[PDB]
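Asks: Structure for this input, please:
(2 chains)
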Number of protein chains: 2
Amino acid sequence: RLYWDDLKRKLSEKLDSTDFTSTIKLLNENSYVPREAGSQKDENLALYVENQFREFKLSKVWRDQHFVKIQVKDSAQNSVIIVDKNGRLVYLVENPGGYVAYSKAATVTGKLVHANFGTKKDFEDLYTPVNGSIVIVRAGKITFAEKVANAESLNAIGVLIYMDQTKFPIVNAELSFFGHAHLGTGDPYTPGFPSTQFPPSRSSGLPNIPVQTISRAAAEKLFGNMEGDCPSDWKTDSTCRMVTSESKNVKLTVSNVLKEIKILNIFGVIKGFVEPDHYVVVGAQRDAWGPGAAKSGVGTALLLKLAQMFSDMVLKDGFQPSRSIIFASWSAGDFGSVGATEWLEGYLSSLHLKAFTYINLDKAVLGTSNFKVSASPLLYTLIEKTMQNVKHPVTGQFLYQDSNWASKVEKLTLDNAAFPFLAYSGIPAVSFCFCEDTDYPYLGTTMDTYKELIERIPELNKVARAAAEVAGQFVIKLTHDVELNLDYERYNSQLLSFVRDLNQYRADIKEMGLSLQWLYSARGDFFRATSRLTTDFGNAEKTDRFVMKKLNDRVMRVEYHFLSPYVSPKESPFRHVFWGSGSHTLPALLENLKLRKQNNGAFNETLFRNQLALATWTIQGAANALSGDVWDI
Amino acid sequence: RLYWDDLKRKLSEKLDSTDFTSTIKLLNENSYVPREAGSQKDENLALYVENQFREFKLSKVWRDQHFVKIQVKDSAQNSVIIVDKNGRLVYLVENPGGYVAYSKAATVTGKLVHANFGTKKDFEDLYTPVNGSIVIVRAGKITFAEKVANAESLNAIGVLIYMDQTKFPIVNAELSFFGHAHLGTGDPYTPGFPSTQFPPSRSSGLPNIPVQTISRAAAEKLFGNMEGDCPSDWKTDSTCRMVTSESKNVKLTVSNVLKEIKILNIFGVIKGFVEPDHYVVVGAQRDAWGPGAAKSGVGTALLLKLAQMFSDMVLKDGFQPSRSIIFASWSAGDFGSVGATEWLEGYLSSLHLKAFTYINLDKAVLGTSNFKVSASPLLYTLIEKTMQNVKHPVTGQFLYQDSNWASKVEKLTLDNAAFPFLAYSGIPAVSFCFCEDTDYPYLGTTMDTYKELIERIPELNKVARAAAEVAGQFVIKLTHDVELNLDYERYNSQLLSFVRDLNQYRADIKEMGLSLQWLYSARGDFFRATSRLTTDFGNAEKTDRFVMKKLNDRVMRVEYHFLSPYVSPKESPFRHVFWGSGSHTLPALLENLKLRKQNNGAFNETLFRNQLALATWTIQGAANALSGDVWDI
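Replies: Residues are numbered from 1 along each chain as shown, chains lettered A, B, ... in the order given. Shown next is the protein structure:
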């Protein structure tokens, strides 16, 4: 067993002589260049990664194979067409190079209406009714899946998406791009039974309208046939317009088809010396529509180098992780973390007893200016201590520069592979990156190349190196300390913050005959439960692996006990009342209640009483799950 | 620490000098005599039990209080009336002394039709259509809740239930009786929010028709006005008839009302010396409609004596249970294990990590001829070894007399408090009793008295003594051995048996384009997972509480991982794919498939493909949950 100081030094010095850019460049070679999930090139890289793991001599390397239905574009072209309502003659504007996976295959003709980013707010602020019209929106702010849903929610009949030059200062205006519009993760077409025969989807999260990505040039050509200046508030090109002329409307034809593919998740593992049946999981997306250097290459490179380093530290330098470290190369990430989700779904309710943390490595390097982090609050302390002794690659200062960084942390979103881990599986998760206030413009394009990457970021090797150090320090701390570096006390602030918000309606809870007393008591009981647990840790003999096991297991279950037990994972997979999606999340409870100031019928008093109940029960249950022995109350 | 041989002797000799009949008699005194749930007498007994626990000096004794809505009969009498369709004049036949909790409060008039036991089969074998008619059925075979559901399922408008003299050779034909018809357990009116305001119930399992219990005399008076002899196949009184005369039909008026009551679950605990945060739970129903000597008294008596004995063994004789023993006195058992279920529901998904076994003590003594057992397969080995060294109270031979007893074991039913533990909470459970091939006739009547009990069973003290020895040996084995006496290998036979059944349709699975290959692989993987676990146990150092903790925790999770993760506990609480209720259970999958030999539209091919899928996923998940470390595959 080594000292944390030595492990820190060892990791750092191994990192010093590590060549990241070579690997990123290597992954950008023609053997791997265009690696859409399931393709032979994806399969090539999968084989290469797998071989590398074998050369690193990890305890065991294996395959997690899955068959899934994705959507690819048909031999028939998707098309964007302008129609003259006079005589109904059509003019072809574009056959897009790209497409949007999970779009309804359909042909729709209507008026075209701009809706900015297609955010929920953008739609309400519209002075043009979207109903029965095709909508065009800029990429960014929110996922394609959300834009489609918001629009579909207002009865739009189709969606176009372009990259405006203000948000995406790309010289080539003919660039086409890719994404998906499945409002979830995993395979949307997952019949619980094999079939020839065709069953409907139900609560799939799939679009019922066609959605399609277009080049900025094609959008500006559409603007050429539209009227109305865009609000300066949108801060967009002067090109932009709002609505088709009276005599014209647009026709969209999407003919994407379902294809079944064989994806491979490639796994390596360094077994733990004390509790090998518990693991930290480190993963990266291996697939990409185009070259996907930043989208896929960076992550896969870090995955490979981290795996190599840790294998060397165990075999040469005497590092002895208490718990196991699993390295995961995912496929079909581009379709909604499909690879990751399929694997997660094998262990719906059991995984949280083995995996205590997931570290995502996707898009860790996109810029230089900033260091962003999204994570479970359970990892805020680990993250903080890690930023306090990792240096900025350009700047030289420690990453930790703001004592208040934790309150400004944004939550994991659906397009992040870290999301299903936290919100569906109840495993604390963290994603982080070096970046700007600007999205990396080339993501999802054929311009996401190494050359492009090394050009916007000439210090690529140093920056990737800093990204590896944070992930590496995470992984060491997590498998070295006898306690788990999961700060369960953090959820007191979260509950406090939530009740603090809720208490801004102590009046409206009166006019409904409701007391919030049982909820306050749940919050109090959780506080007590954490306090007792901290005391127990302090009074425990750190060398007694039996008592630590027992205390650590309690910590490992905190996250999962915030998954609502009162909703089916099939109907709503994202059960986490803090971080998931649906009417069972604390945020939903607040939004339903904010709709009570308006005397409009949007408020749903009944729903709220149920939400209040389920929240209280969930929180009580978590407090009770943490308290320990049934005679201690 | 003592030797199993000494603990066996100690338990036995303490039992030898234990006076059971005194306690049963004591519970039959006027201070407790009629103790309907929530009543003052129930509350008296609750206080007495609680005091006794305090005198026994258990580690901690506490209260688990709940407010629940039960139904009691109104000041207005329920009535059974015969109507002359000529002139519509009515004749009062009875104002029943008893009632059926959860009956719809309503008045209905129609023809009366006998349907034997009201089993699903009994209805199909009817040559008289039940639709729009009131139905009369004999008690027995199935719960009232099922009879009502089956009848309601065929559009009957009301249900009468009597005790025929063949199944219930009771001299007094005027005897009235009680039960409930809620097709589940727990409080059916559980709004997730407090209210004045009234919300509908939804998937409550509540009757939409009136149901009422009548005396045999009242039934025979009804038969007096009916025609058609009953099938000799029913083996019932010659009195019985099938249908009202042309000119007559029956009117039923039920006016039961909802009352909110305060129930108390009384708990005692003897803390474990090694893992106190894990418990065996031993419970008994304290409430009864009448005197409920057999229904409630026996169980509560055993609960008290067991608690006392084990407290003495810990404090005087040096017994040191590894894990905790909790003694539970439940209330509102008579309404569907309501007390038990309410408590279970506080720990929906967390309880199975603390409670590894529930032993039910209800109706353990009803006769002398037989010893019956129902339980999770996880306890078959414990049960067997226990029968191999417990003697029959009358006979003197060991209870174990049939090497094949396990394949003839009937599953826990809904009226058993052991049921929600296993099927809703995923905690292995066992109920057992000494009994006959005949139901104890006085259950749910005012004749369930000590005097009646001591009369049909003069060896009451000896028989109760044998009942305590099995429960006691269960409890000792379970808290003494370093391994858990949960035989997880047993579920290989279960899966085998199930697939063996399913394989009787390998043809019909072809005509649907389906392979069963992924299901076979799940079964294989579970087999592997258990084999590996047995090996691990063998290779473990029995004195290393850390490794044992880890292996025992894996065993403790087997049961729960058979709860279907794909159904909400609110919509269907009984999620256990082997032992629960609904379309997600393996049995349901078989029944849907047996409906494919008939070319009638009852078969539901789509449903089956989903069932096949969910089953496969559930089983795979359980196998994967058992395999241990993610690098072991």
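
Asks: Residue A:11: what secondary structure?
Replies: Assigned by DSSP: H, G, I helix; E, B strand; the rest coil, the conformation of residue A:11 is helix.

Asks: ok, now which ones touch it?
Replies: When contacts are counted by Cβ atoms under 8 Å, 6 or more residues apart in numbering or on different chains, residue A:11 touches A:309, A:313, A:469, A:472, A:473, A:476. (C-beta placed from N, C-alpha, C; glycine too.)

Asks: Please identify the helix or strand for the residue most central in space within chain A.
Replies: Compute the mean C-alpha point of chain A, and by Cα atoms, centre = their mean the closest residue is residue A:416, 1.5 Å away. Following DSSP states H and E, there is no helix or strand that holds residue A:416.

Asks: What sits closest to it if chain neighbours are left out?
Replies: Nearest-residue entry for residue A:416: residue A:431, 5.3 Å, with adjacent residues in sequence omitted and distances by Cβ to Cβ, 6 or more residues apart in numbering or on different chains.

Asks: Would you mind confirming that the one you found makes contact with residue A:411?
Replies: No: if you go by Cβ atoms under 8 Å, residue A:431 and residue A:411 don't touch, sitting 10.6 Å apart.

Asks: Those two: which has the busier surroundings?
Replies: More crowded of residue A:431 and residue A:411, by other Cβ atoms under 10 Å in any protein chain shown: residue A:431, with 23 against 15.

Asks: So the more buried one belongs to a strand, correct?
Replies: Yes: checked against three-state DSSP, residue A:431 lies within a strand.

Asks: for the residue of chain A most remote from its centre, helix, strand, or coil?
Replies: The outermost residue of chain A relative to its centre, with distances by Cα atoms, centre = their mean, is residue A:87 at 47.0 Å. Assigned by three-state DSSP, the conformation of residue A:87 is coil.

Asks: Then residue A:228?
Replies: Assigned state for residue A:228: strand (three-state reduction, three-state DSSP).

Asks: And it, how far from chain B?
Replies: Using Cβ to the nearest Cβ, to the nearest Å, residue A:228 is found at 47 Å from chain B.

Asks: and what of residue A:313?
Replies: 18 Å.

Asks: Next: residue A:10.
Replies: Separation of residue A:10 from chain B (Cβ to the nearest Cβ): 23 Å.

Asks: If you drop the residues flanking it in sequence, what lies closest to that residue?
Replies: Nearest residue to residue A:10, sequence neighbours excluded (Cβ to Cβ, 6+ apart): residue A:317, at 5.3 Å.

Asks: That neighbour sits in which helix or strand?
Replies: Assigned by DSSP H and E, residue A:317 falls within no helix or strand.

Asks: Near it, how many other residues are there?
Replies: A count of neighbours around residue A:317, defined by other Cβ under 10 Å, yields 14.

Asks: pretty sure it contacts residue A:309?
Replies: No: counting by Cβ under 8 Å, residue A:317 does not reach residue A:309; the two are 9.9 Å apart.

Asks: Just the CA coordinates for the one helix or strand residue A:357 maps to, please, in CSV.
Replies: According to DSSP H and E, residue A:357 maps onto strand A:355-360. Extracted C-alpha coordinates of strand A:355-360, given in CSV (Å, rounded to 0.1, in the frame of the first residue of the first chain):
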residue,chain,number,x,y,z
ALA,A,355,-20.8,0.6,-9.4
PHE,A,356,-20.4,3.5,-7.0
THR,A,357,-19.3,6.1,-9.5
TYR,A,358,-19.3,6.7,-13.2
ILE,A,359,-16.8,9.1,-14.8
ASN,A,360,-17.6,10.2,-18.3
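
Asks: Give me the sheet partners of it and which way each runs.
Replies: Strand A:355-360 has its sheet partners listed here by DSSP bridges as strand A:275-285 (parallel), strand A:429-435 (parallel).

Asks: Give me the contact list for that strand.
Replies: Against strand A:355-360 from outside (Cβ under 8 Å, 6+ apart): A:278-284, A:323, A:326, A:379, A:416-418, A:421-422, A:425, A:427-431, A:471, A:474-475, A:478, A:484, A:486, A:556, B:630.

Asks: Over to stretch A:520-528?
Replies: Residues from elsewhere that reach stretch A:520-528, judged by Cβ under 8 Å, 6+ apart: A:491-492, A:495-496, A:499, A:616, A:619-620, A:622-624, A:626-627.

Asks: how about a cut-off of 7 Å?
Replies: By Cβ atoms under 7 Å, 6 or more residues apart in numbering or on different chains, the residues outside stretch A:520-528 that reach it are A:492, A:495, A:499, A:616, A:619, A:620, A:622, A:623, A:626.

Asks: Buried ones in that stretch, by neighbour count?
Replies: Going by neighbour count (16 or more other Cβ atoms under 10 Å in any protein chain shown), the buried part of stretch A:520-528 is A:522, A:523, A:525, A:526, A:527.

Asks: that's a helix at the first one, yeah?
Replies: This points to residue A:522. Yes: with three-state DSSP as the criterion, residue A:522 is part of a helix.

Asks: what separates it from residue A:464, distance-wise?
Replies: Using Cβ to Cβ, to the nearest Å, residue A:522 is found at 44 Å from residue A:464.

Asks: same check, this time on the third one
Replies: For residue A:525, the distance to residue A:464 equals 45 Å [Cβ to Cβ].

Asks: can you check the last one too?
Replies: In this view, residue A:527 and residue A:464 are 41 Å apart by Cβ to Cβ.

Asks: Nearest to chain B within the stretch 401-550 of chain A, name that residue for me.
Replies: Here the residue of the stretch 401-550 of chain A nearest chain B is residue A:546; by Cβ to the nearest Cβ that distance is 4.0 Å.

Asks: Ignoring the adjacent residues along the chain, who's closest to that residue?
Replies: Leaving aside its sequence neighbours, residue A:546 sits nearest to residue B:546 (Cβ to Cβ, 6+ apart; 4.0 Å).

Asks: per the record, what domains does chain A have?
Replies: When chain A is parsed with CATH domains of a matching chain, its domains come out as A:1-74+A:257-490, A:77-254, A:491-632.

Asks: Can I take it that the residue of the stretch 401-550 of chain A closest to chain B is in a helix?
Replies: Yes: looking at residue A:546 with three-state DSSP, it is inside a helix.

Asks: what does the stretch 101-250 of chain A put close to chain B?
Replies: For the stretch 101-250 of chain A, the contact set with chain B under Cβ under 7 Å from any Cβ of the partner chain comprises A:191, A:192, A:193, A:194, A:195, A:196, A:197, A:199.

Asks: Between those residues, which sits nearest residue B:563?
Replies: Distance to residue B:563, by Cβ to Cβ, is smallest for residue A:192 among these, at 16.2 Å.

Asks: so that closest one touches residue B:614, yeah?
Replies: Yes: because the distance of 4.5 Å satisfies Cβ atoms under 7 Å, residue A:192 is recorded as touching residue B:614.

Asks: Which residue ranges of the stretch 151-300 of chain A form strands?
Replies: For the stretch 151-300 of chain A, the strands defined by DSSP state E, counting those that start in this stretch occupy A:158-162, A:179-180, A:211-213, A:226-229, A:241-244, A:248-254, A:257-270, A:275-285.

Asks: How many residues are close by residue A:359?
Replies: For residue A:359, the count of nearby residues is 28 (other Cβ under 10 Å).

Asks: mind checking how far it is from chain B?
Replies: Per Cβ to the nearest Cβ, residue A:359 is found 15 Å from chain B.

Asks: excluding its backbone neighbours, what's nearest that residue?
Replies: Take residue A:359 and drop its neighbours on the chain: the residue closest to it by Cβ to Cβ, 6+ apart is residue A:282, 4.7 Å away.
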